[PDB]
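Asks: Residue numbers (the working numbering), protein chains in the order written: chain A, 51 to 256; chain B, 121 to 524; chain C, 17 to 83; chain D, 5 to 1135; chain E, 900 to 945; chain F, 5 to 55; chain G, 686 to 800.
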Amino acid sequence: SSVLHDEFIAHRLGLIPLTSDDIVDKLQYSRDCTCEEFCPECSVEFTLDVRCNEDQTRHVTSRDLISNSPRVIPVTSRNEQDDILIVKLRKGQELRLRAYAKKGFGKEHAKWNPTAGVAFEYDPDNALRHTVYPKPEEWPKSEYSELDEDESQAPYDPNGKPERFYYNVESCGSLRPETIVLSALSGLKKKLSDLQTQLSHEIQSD
Amino acid sequence: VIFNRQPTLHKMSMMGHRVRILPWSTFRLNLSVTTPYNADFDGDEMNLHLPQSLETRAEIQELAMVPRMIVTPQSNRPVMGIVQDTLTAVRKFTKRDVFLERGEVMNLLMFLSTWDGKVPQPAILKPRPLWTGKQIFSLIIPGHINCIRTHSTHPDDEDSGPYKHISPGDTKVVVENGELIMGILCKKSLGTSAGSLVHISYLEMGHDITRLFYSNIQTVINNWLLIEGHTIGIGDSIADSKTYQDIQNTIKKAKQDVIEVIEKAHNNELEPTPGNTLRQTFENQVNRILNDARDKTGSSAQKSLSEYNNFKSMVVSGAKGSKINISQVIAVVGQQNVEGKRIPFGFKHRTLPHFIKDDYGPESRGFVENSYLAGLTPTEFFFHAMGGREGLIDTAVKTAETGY
Amino acid sequence: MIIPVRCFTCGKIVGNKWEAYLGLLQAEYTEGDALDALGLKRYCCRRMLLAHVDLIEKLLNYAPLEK
Amino acid sequence: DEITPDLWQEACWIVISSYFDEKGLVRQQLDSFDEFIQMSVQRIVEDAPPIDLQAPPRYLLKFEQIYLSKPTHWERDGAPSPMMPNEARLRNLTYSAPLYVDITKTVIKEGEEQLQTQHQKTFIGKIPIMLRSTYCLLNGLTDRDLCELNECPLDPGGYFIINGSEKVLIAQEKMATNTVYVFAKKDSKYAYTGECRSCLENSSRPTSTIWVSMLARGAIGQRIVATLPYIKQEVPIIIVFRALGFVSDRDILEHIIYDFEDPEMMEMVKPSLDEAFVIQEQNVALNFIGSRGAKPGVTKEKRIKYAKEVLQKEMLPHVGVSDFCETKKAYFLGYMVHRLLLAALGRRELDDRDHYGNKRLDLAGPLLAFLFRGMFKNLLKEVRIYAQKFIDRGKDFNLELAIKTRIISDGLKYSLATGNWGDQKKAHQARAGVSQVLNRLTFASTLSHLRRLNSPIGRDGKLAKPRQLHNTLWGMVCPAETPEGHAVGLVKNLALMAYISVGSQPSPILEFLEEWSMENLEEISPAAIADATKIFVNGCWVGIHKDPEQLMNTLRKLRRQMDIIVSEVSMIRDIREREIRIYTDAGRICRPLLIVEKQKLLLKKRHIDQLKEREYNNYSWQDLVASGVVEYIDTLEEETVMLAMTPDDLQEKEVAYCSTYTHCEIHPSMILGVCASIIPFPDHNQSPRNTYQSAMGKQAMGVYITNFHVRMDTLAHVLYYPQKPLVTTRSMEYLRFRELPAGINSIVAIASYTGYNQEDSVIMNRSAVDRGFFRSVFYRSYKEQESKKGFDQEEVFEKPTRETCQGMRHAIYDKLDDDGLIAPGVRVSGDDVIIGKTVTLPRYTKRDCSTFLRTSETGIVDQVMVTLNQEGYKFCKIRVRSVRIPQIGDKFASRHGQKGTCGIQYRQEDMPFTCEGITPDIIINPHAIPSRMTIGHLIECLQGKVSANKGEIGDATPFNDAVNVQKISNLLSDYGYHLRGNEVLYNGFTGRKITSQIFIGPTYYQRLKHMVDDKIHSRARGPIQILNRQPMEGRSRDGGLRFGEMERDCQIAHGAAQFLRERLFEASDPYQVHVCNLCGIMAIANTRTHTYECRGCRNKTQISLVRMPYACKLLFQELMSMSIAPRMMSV
Amino acid sequence: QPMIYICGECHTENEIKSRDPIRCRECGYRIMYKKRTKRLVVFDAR
Amino acid sequence: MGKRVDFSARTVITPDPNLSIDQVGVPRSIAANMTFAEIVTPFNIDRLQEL
Amino acid sequence: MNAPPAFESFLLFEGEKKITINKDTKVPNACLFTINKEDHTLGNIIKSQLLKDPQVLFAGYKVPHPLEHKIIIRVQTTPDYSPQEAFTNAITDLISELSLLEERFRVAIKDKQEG
Ligand SMILES: [Mg+2]
Ligand SMILES: [Zn+2]
Ligand SMILES: [Zn+2]
Ligand SMILES: [Zn+2]
Ligand SMILES: [Zn+2]
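1) Could you give the residue range of the beta strand (DSSP E) that holds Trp-215 (chain D)?
2) Okay, do the region 637–647 of chain D and the region 916–935 of chain D touch, 3+ Cβ pairs below 8 Å being the bar?
3) At which residue ranges does the region 1045–1114 of chain D contain complete alpha helix (DSSP H) runs of 4 or more residues, listed in the order of the chain?
4) Would you call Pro-86 (chain D) buried or exposed, if buried means 16 or more other Cβ atoms sit within 10 Å of its Cβ?
5) Tell whether a beta-carbon distance below 8 Å holds between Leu-494 (chain D) and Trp-425 (chain D).
6) Would you mind working out which of G:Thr-762, G:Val-748 and G:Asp-765 sits nearest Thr-719 (chain G), comparing C-alpha positions?
7) On the premise that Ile-235 (chain D) lies in contact with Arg-296 (chain D), defined as a C-beta separation below 8 Å, what is that separation, rounded to the nearest angstrom?
8) Could you pull the DSSP bridge partners for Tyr-150 (chain A) from this structure?
9) Sort B:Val-458, B:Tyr-492 and B:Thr-417 by Cα distance to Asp-356 (chain B) and report the nearest one.
10) So that I know if they touch, is there some Cβ in chain D lying closer than 8 Å to that of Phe-487 (chain B)?
11) How many angstroms separate the CA atom of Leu-752 (chain G) from the CA atom of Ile-704 (chain G)?
12) Do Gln-891 (chain D) and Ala-771 (chain G) have their C-beta atoms within less than 8 Å of each other?
13) In the region 367–396 of chain D, which residue ranges form an unbroken alpha helix (DSSP H) of at least 4 residues, counting only runs that do not cross its ends?
14) Based on the DSSP output, what are the partners of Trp-545 (chain D) in its beta bridges?
15) Does the Cβ of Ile-1056 (chain D) have 16 or more other Cβ atoms within 10 Å, making it buried, or fewer, making it exposed?
16) To be precise: take each residue of the region 865–877 of chain D, compare its Cβ to all Cβ atoms of chain E, and keep it if any distance is under 9 Å. Which residues remain?
17) Contact criterion: CB-CB distance below 8 Å. Does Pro-749 (chain G) meet it with respect to chain F?
18) Rounding to the nearest angstrom, what Cα-Cα distance links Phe-37 (chain D) and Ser-137 (chain D) in this structure?
19) Determine, for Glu-228 (chain A), whether the minimum Cβ-Cβ distance to residues of chain G falls below 8 Å.
20) Check whether the Cβ of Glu-515 (chain D) sits closer than 7 Å to any heavy atom of ligand 5, and report yes or no.
21) Per DSSP, what kind of secondary structure is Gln-448 (chain B) in: helix, strand or coil?
22) Find the residues of chain F that neighbour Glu-1051 (chain D), judging by a C-beta separation of less than 8 Å, and give them in chain order.
23) Our contact map puts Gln-226 (chain D) next to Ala-195 (chain D) with C-beta atoms below 8 Å; I'd like the distance itself, whole angstroms only.
24) Please state whether DSSP places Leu-232 (chain B) in a helix, a strand or coil.
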């Protein structure tokens, strides 16, 4: 009975980050699960049931998303930062729903993206000249720069290659940032391993 | 299929295409084939007609296919050429100081359909292997065509003095045996004019080879522009303090000149020229002064531009814009005209209630002494809106008569 | 109508910051200092909080369909 | 005391805010309607003549008073309850109030047997009510009260609800009346023509135009003629003067030429005298007028009577229509001749047709008054016939049964419902385009539609002069907001502080002029008019004066003190020609301005102080006007005003420009309208770009109104996450764009990235779109009603069945309920059924007439409403909800004319990123900037970066010297960014830096109504039209695309004859006919029995089959209908 | 079978059968709304 | 001289640098709506039976 | 209406091969690897690792259409070597690099949390 239609609430629930640290490796994709639509091996059940009976506006927040799995809960609800606001309700308005959370990654939808920004940089002093500043004096210095203030950019390195890449991986909350990096390395390695397996089948089949 | 856009003005507004099924719900067009249709992607819609017999299919395939439609009989030149990003980028790519590394070169060669698989010997072997943009466009250029053109910035006094065949500015395009021996490619070399590389490709090589030439230029150049990049911002609209002072001095001198002509006319010290009344002669003198001011300020702005300026990049390549646009963005917007004359006295002997009566000065009658970056004053804003309304009316009223 | 959950650009969560942002504003913070207190350092998330119009508060002025 | 420059930008905007707290944006509509109801209806009822009817007994039936109650709706039961506008919208009612008139019928037969019977409150009609007017139930309600009634507090009102449809009256331009305008047509028999559209103060007849022309040179000299109304032949002016009682030539030239020392005027009038010497007395001149007329009476007596009546009623009604006014009419016609001679002698300029001082805006009030005059006249006529047919029998009659109230009610309702402005019978003489459906797509579109003006020159006209932006539109009409199609310059929009005058009576002004030293026109001698100054009031020359300067000082003092002269009265002193023209009539567009003392504003700092505490001490705009600090100046009085653009102009300068200013702009940005006031930095764009944005702000998605949950609109788009712009102008505070914005601040990068944004296209971030970026919801309402019109056939909502219904499609009806209506929350795909309606037959005894979804929509039912319509059968509205996620082909626009469709969407890892991992929401092509010169886009992007990094809202008000690009760049360099808004970006695919540093930052983008899914269409052998068996027209009809004449010409040039035949014969309307080989006329074929015969030739063997288009067969048959014999000869 | 509707003004749940004038029994208001279906509609939170 | 025709489609146009000049990128819904009457032969009997 | 499901970028259709090897006939000892349901993430690393092999004469990749979800990697090697062998070794080297990077990131995290 809230003022936001159903797809608004659904979209809004999809974007709430859920703690995924140790559970995401254990759960299966519903593609791979041998069950029906759902099961505890490939999904997590959430329930939300709020009714504004009192005169002040009721803030239906992520704290009202009750899960069957204690390990997979809304990040803000984890034991400061306030809870994500799902909808504001007026006296007499009511929201009752039943969600299921799945395993996915950011290629399918940004809600499965664990990062709240990935700062990536290399060659802070423009030594490789991969950028060409028309007026190098006008540009601020990188936080990773090692140059005296009179010097705008490093002397050009003809024999140089990009090395020393700087990262700042900010987490949306679902995974720890170091878990994001470790899971990224493992996922890239398994992509390459699967590619090599299929490559071997194609080579031997010829 | 026949692909059509309205108004169907000439035979190139309905051309044959081969269907490529793709995910989303729009008609996806190549960017060279937008000029024949007069089509841009600001909500334009186009009509697809599917011939329903082998005879009509053969008819369209042998008569109306786009490669057969590259050269128009209207003006014996190409009707489609290289266009915005690909033209700015091919201009930047064929500059003399574009050096590609081995991995970049292989990346670009992945996007040549007509590539024999042989990596060309780099133009620079030591201290480090480097290919040039001309060396890769030579691979894009088909057959063994031969072509001489001149980049838009080619100085007119260079073909007389020395260095005629070794151009300091890398102008004077020369393609020999299908290799870009020298020169910066631009609208003059890849556009829709007569004798360009696309025209000579269509005349010497067939329409199929020319189709591949268009496609290969676009793919290779867009994937290189992913490295180079092209942009535009406030920094391209800015000029140095010296240029601003020169422009303001020019405008001040012009306004004093107009004041002098006004004082002469007021004192009857102005005599009419043959073929005009005194009013018309005064108007001619004032308009000449202000046009001279606009041109001088525009030249000042143009010379102030650096080689990194993106306005200058797009104007030089011919992709979009003109030197007058740069002048209006940097130097001065200039005189606003209604029906070919200065702003009329719509009030009683006034253009606006903010002026005194009988004020033939430049600001009173619609001279915008500001640039678009400087910003127009309220009266300049209204006069500019009047001048622009004239263009909107012309565009909306000429259509019925021209279509009839 | 309501504060978005994530920043459209980076995907940082801003849904839990609207109420805190308003509380900081009534605490006589400037909008910039308030956005700094909530940890919105990228101008995309500052855009999200600074340009938000809470229309839901106006939609809650209408009585619901059922009592 | 004085407001210093450092405070000025606050003071002026404080003043502006006070204006919008007092007036609003739809004040002209409400004031027009209020004047129409308070005054115009009563004047129209009283100005009608009493209808005297007698066989004997007689009855007069005088109407004396009107009463307009509040809007009320009556049910079948008859209980009386107030009708709320939302109930009218939902139930398809008409938000109208009943008009009752007091009638007085006195019986007079003989012998002083008189007795009066008064019928108090006789229900005379129903008048639709403009919302938020004084007579609206939403009048004076608080925002809490409006929300209690399911109304938006931000809704401006200013429109009517007719049959549930919100209709807005467009102000109509017209040439002002009672004013002499001397023009010169290049191609005509006349050299100069002075026209005067004359109309009496309280309108009762159309405008009677009188022309006074000069015949073009080539008998001896130039002759002056006068084209009087109701007379089809030119008449010499001297004849007209003699017909008015001025026979002596001296008297006529006393009335025409006021300075006898001027032989030029004399010799130029002499031909007219020389042409009229045989006629020398009043009766003969009247006979001449009657003879030249189109009804020449055989007897001179009735000729003279007709000429008398014409010269007394139709000639110059504004001068006076009573008798003994011939002196005033003679003076005025002499003034017309004087003006014509001044134009012909070059002493006066020809009048400009385009000058808005010469124009009037016909608003809701004066337009509804035109309707009400016509409709009340028709009503009184019908009453006359009804009462006559009874008194002819010599018996009394009931006026309640004589008054058929449907005339006024149905007339006003029809006219506002259709827009055809006039009687329903004269549906072709009526002028359409008035009263359009209110645009509810976004709040800006609604405001602009409510502030819309119309120049009825005709779109077909290709003369650019009326389309040109005249100089006099300054401050009155937006220079930018205008449609760019076929109505450039004709459809206009009010500027923000523009106020259309509502009208006023000239009686107090005339009375004061009498008490003052003015001399009436009948009491003077003409010899005094030479040096004296004429005084016109609403076009009527009322007298003369001796010191016009101190008269103007007195009148300006009176108007600035809110004395007898009201604020909207215009008072123009033309000095070179000694007229003083005072105007009180309606339709005069004017604007407020700050009065200026010697060289100082009268707006001191104390006024700003009292305006700052506007909410405590109730010091409002009206107190500012009453203080003599502000003045409304109309277009015609601006000609006599010397404006200061800012108080900086009032400073003493090294060379003084004027030093004698009289007024000052409150702020120059008020020259813009509603949609142009949203453009940031519009003075840094090319003006066509500002016009295109002013058009495209109206298709932008947002929240068109707060109470959208209860409205059952046919089409509605609501954006999920509207944002106020980071870079805004100070005018949107009054447009309520901050409370109902129509866009999102997007991190836009102007770059060439992959080539998918070329030629006016954009690359959007798929990850941002996944997060709700520019997501919208599309609400579509379907209406249906079950009609019990008669026992022959009745419709009914009920779940159809396969065994009883006949025209039942194969689509499943399981989603419907037993009531026949789908339930909310049900997901419905294309071609699905939402209402199961069945109609009883004369597959038996009922046929299926169900309502399907508009094909290829795939929404969810948002809600279902059931009620009863006006007549009272069951009536259903179903709102279906479809979430529109932006995709390739959806149109987006910035506020600078920069429109484009989404070329492609890349995920966040595929988009280019800054060192701090910010990816652009949108990437637009740099080639869209240079030719367009939308530098406001770049300045807005840079200002928005500063605003987002600083935690403020950028000030992009047009003409602001405290904000330029260098300041913004210096501010941006303080937050660790390149001062010009560039950043090093990295390629998302490879991670390498892009060599060219990209220009990136927050810019306010808009999602426009034009989504590709509402435009994509395809056909392969669908339905065909009935008349010509060709594909239908439209997506909705599953129609085919038109292969037009130009496509035929293109394919002829191609030489593709079989493709041309496929398109124009085989893919459109293949057909076969049988032709007689002898007469070539279509024969009769019977293919079942194989008997072919031509009845004409009486043969049945020489018939041939011909494969021709059906349209060609239809053409030939329509030619045979015209007795043409198109004989298709096969040999 | 019942087809209970809600009142637009009094928000009262009241049953109305076919061939019945649309009138709320609690306040007589003439505009009624259907209640949300009981069918199971699923949303992908995307 | 001009008329409505079958086997026609219309939609918004969009850039595509990865098409050749003689190609047009068509949605799958337009292509699923529009059909081409192909004659059966032993050369195409199997493919057309598949379709 | 025409929106492909988002999983079609990652998931293989039934009967669709993850990788297909086609001999390039223009030059000797060259192959085209058409890899389905991958994008620049694997293409760029495989190409750049192949460029580190001195026996690789050409190594390039392209996404022929962004709306489609395949990549093509062209590899040419010296005659004594093979493009299939080069591609295999490139994947092996990338896997070993990522394993080492993962172990070293685990060690760095342990050091950072401990001290
Ligand atoms: Mg277009
Ligand atoms: Zn499962
Ligand atoms: Zn962010
Ligand atoms: Zn016959
Ligand atoms: Zn009720």
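No residue lacks a Cβ here, since even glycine has one placed at the ideal position from N, Cα and C.
Replies: Reading from the atomic positions:
1) 212–219
2) no
3) You should have 1049–1058 and 1061–1065.
4) exposed
5) no
6) G:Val-748
7) 6 Å
8) A:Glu-95
9) B:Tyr-492
10) no
11) 19 Å
12) no
13) 368–395
14) D:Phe-540
15) exposed
16) Residues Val-865, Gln-867, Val-868, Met-869, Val-870, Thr-871, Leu-872 and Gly-876.
17) yes
18) Those two C-alpha atoms are separated by around 7 Å.
19) yes
20) no
21) helix
22) Contact of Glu-1051 (chain D) with chain F by beta-carbon distance below 8 Å involves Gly-6.
23) 7 Å
24) coil
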